[PDB]
Structure formats: structure tokens, C-alpha cells
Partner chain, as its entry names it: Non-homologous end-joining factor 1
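Read the single chain below, which is given as C-alpha cells and is the form deposited without its partner chain.
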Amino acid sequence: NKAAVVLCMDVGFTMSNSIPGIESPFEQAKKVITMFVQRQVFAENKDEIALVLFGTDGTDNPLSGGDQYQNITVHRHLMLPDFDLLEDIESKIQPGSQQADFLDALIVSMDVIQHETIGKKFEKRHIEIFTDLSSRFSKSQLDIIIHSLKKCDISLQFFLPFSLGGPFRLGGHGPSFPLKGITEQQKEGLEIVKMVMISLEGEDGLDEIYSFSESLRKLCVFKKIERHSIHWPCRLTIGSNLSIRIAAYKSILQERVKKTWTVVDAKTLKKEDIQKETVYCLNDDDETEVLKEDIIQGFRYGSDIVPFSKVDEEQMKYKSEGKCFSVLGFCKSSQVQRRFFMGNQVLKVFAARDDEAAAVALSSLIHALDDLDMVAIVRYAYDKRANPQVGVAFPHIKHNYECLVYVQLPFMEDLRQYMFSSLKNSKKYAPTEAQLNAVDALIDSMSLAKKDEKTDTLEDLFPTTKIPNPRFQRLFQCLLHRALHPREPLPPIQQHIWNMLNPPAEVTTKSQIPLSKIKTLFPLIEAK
């Protein structure tokens, strides 16, 4: 449920230096923190966010006992984020001149998250550190820090100017701050951070060290504080004697804006002065007025119209027996084409929570489907009043979990029976060999995957499925700009959004000559 997040940002002087052509790490960290706080505020999440700055000229922290934990200030205590915090992040916070050890900052964040959560109930405690690791540190309290994280159940995430591992584009896909630029002090900081992440989580902790540019195009900041979906309990039935207790979650479900635009008067900025009403008028002349109680619902049947009252429809409606998840049969996986998937969601089906027998039975079914290369056609009804659907449940096996993925299949009435002219058989639209070779070269040049050497693994150069929806961040930016400066036009779309929405520059550069050949080989004329 509610979670307590502490953002420990680096502010000292070394975080302000910039290589020309590359944005300063201070600005990138500010952008990442702004995105995080924007999402937290404008989604009205109940998570409480703190903000600790280390490296500032001043010193204001609970552990400031004198000649210790200096140049560290707790800018914002644990509370619900508000527009004020966004205002300080965007304008008030300024880079400092001193330096501080990031372990001291981690200890300060520990104390903030410890002696500010008593009384309040928090499901998760998270700390996100933004730093450049260019400052000298002392590894004297490392064991105590690790033990404190382990005992207090506090996560960790590290953000660095350089990725762990052409011109540099912030938020884009491709190379980042050069791997040679990392200095010896930065190397020592990186190795200490890596050892901390290893001792904290394990080998997967290496995946929790991100870069600012790659963080601006991922949801890694919200990964540890997001609330998982609720399960839908049912029973997988094969016949009237076999039943497996299952729980189904929603894997893919398009996210839309939750807050609605409220229509208000332009003079008073209030909504009670504006209301909407509907007037019922006969289609005949003179536009007579009809009240709600004098209208009965009817249906269209050819050229005639038949009255069909709501009570009559409810009595005549197709009655479903209720919630069900029943297997109709098993068919070869090649018979269920991917192009026929319907619906607006994808369900992943596990066994019932902490149920060993159900887990064994479901794993047996999944492995049986996988070995025979078959899928299950199931009848799925969410609720008693829900319209029953027919869908496909195909096995999905990974190195750590197994599940059945359910996608709705079409009914015979959802299929459209148009016919299209054949393209291959056409003698007027047949490309010649030169055009085919040109298109072949173009496809080769614009490849979005790298066939890695020494292993049969395809690396995705443009993994779009990890890119956040740009509309939400754009809307949050516009809303914040309007709230802070309600006298200016909407700002332009941020450059990193365009960078993260565009393919790597290598793809574009490699596809200039082939594209010119395509242009000079395919005459395209826009009809008047």
C-alpha cells in the first residue's frame, strides 16, 4: 500500500561540471527527480516522499552533531508531495560548492526514513540515490549500513551519469557518457556500490544501477513502489470432475488518465454555474417537448421499429450461470493465429495462492501443453452479469515462474468478410529485380536488432516495450508549467522525449544511401 520514498540527490560542485555537448549531471538528476515527483503528485498517490541533498554549502540534518555528516541537508521531510516540492526542485535548489561522502548521505537517509515513520504505517521503504561518485569517501561504516538495510527491510536504487554497461542525446537509445571518462575515484565508488547491491539483493542487484539518460526512458524509479494488481479467483475446470483453483492477474492493460477535465465557467472558474441537460423533441415539426417518463425504449428491425421495454429486455436477456473459467478443448498452437486476438486485456493465470496441489496440477497442465505444442480454448466469464467470452490459454514458462496466458478469441460475428485484390498476381504493381534489391538493402540497413557474436542471442536496439507512454509525462509537464506560471503558453515538448521516441542515430545514419536509392528507384507522384 502506502510507501515511504527518500530521494538522496547529489548537489556538490563536482556534480555541476559539464563536458561540452553533454548536459551536466546536476541537470539530468534534476530532470529524473522532477519526472518522479510529477508522476507521484499528478497521479495522487499516497506515498510519502522525502528529499535529502548532500554536498550543499549549509548543513541541516538530525545527525549534525558537530564535525560529522557535514554539508548534508534534509530539504524535505517525509510527507505527501505537493506542488511546493516541485517548485523547489525546479527553481529553488541550486548546486553547491562542497562535497560529502555518499555513505554519510545514505546514513542520513536511513535516519530520515527510520525516525519519521513511527506511528504511520508503510508497506515499503525505498531509497533512491542520485550521484556522480566523484567525491572521496570512507568505507568505515559499510557493514553497519548493510546490516541496517537488511534488518529494516529498505530497498536501494543507484542512478549515475554513466551507464553500468556519435553525439550524446539525453534519454535516447545508444551510447552514454564515455566508458573511458570514469575516473579512479569514480571507479572505486562504482565498485563499492556494486558490492553493496550484491550484498543487499544478490546478482540481480546489478540491474538496480541505472543511468540518468536511461532512467528518463524507463519506469525504473517507480519499480519498487508500484502497487501490484488484485487477483481474480476462479477454478479451471476440465469436465465436471477435474477442477484446479486458479488466480488470474492482468498483465497487459492500457493505462489511461484517471483525472477528468472539469468544465467550469470562464468568468468564475467554478463548476456549479455550468450544468448539462438534455431535451427530448419529436423528429416531427414544431419540436414538441417530451418528458423522460413519456419515453419508452424501442429497437430497430429493418424498416420497422418494435417497442422493447427495459424490464422486458432484462427478463428476455441471455442469462449466464455466473463466473466460470472452463476448458472447451485443446487445439494445436498453429491453429490460433496471433492476428485474431480480441479484447483489451491479457490475463496471466497462476494457481491459487500458497496452494501446493493446485500449483502441481497447473504446472502439469502447462508442461503437457508445452510438450505437445498445444493450447487450451477456454470459456471465460468475469462475473455473473459479465458477457461470456471464448479465448486461448497458452503456456508461458520462464526460469522462475509458470503461467497460462489468456487472450480473448473472436466470435463469428466479430470477423469481417471483405476481400482485397491480390498483390503478387498483379501484373501492374510488380517490382523489378533492381527495386527488390534496393528494398533488400534498405531493410538490411534499417535493422533494429544486433545478431550478437559468440552466442545465438538477438539484442534489441530499440526495445519500445520498455519506453513509458509519452502522453503522461507531457501532460504532467504542461500541468506543472501552468500551475507554477499561470500566465504563459504551454512549453514545447522536452527534447529527451523526442530522443527516446526516435531510433538510435546509427540506424538513421546507416540508412541514407539506401533511402536515396529507394527515392530514385520508386517514382511516387501525389495525385492532384
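Positions refer to the first chain, counted from 1.
Keep in mind that the form solved in complex with its partner chain is not shown, yet the notes after this line are about it.
Check: At the 4.5 Å heavy atom threshold, is residue 32 in contact with its partner chain in the deposited complex?
Finding: Yes.
Notebook entry, point to check: Might residue 99 be said to contact its partner chain in the deposited complex, defining contact as any heavy atom within 4.5 Å?
Noted result: No - in the deposited complex, heavy atoms of residue 99 and its partner chain never come within 4.5 Å of each other.
Notebook entry, point to check: Closest heavy atom of residue 36 to its partner chain in the deposited complex, within 4.5 Å or not?
Noted result: Although its partner chain is absent here, residue 36 would touch it in the deposited complex, with heavy atoms inside 4.5 Å.
Check: Taking heavy atoms and a 4.5 Å cut-off, does residue 139 contact its partner chain in the deposited complex?
Finding: It does not: once its partner chain is placed as it appears in the deposited complex, residue 139 has no heavy atom within 4.5 Å of it.
Notebook entry, point to check: When its partner chain is placed as it is in the deposited complex, which of 105 to 113, 131 to 139, 213 to 221, 89 to 97 ends up with heavy atoms within 4.5 Å of it?
Noted result: After filtering at 4.5 Å, what remains is 213 to 221.
Checklist line | The unique member of 199, 73, 148, 157 whose heavy atoms fall within 4.5 Å of its partner chain in the deposited complex | finding: Result of the distance check: 157.
Item checked: Rigid-body rotation between this form and the one not shown - hinge position, chosen from 468, 23, 220, 82 -> In this comparison, the hinge residue comes out as 220.
Item checked: Closer or farther in the deposited complex, the Cα atoms of residue 24 and residue 497, when the shift from this form is 3 Å or more -> Result: farther.
Next item on the list: Over in the other structure, so in the deposited complex, do residue 36 and residue 251 pull closer or drift farther apart at the C-alpha level? The difference is 3 angstroms or more.
Entry: Their C-alpha distance grows by at least 3 Å in the deposited complex.
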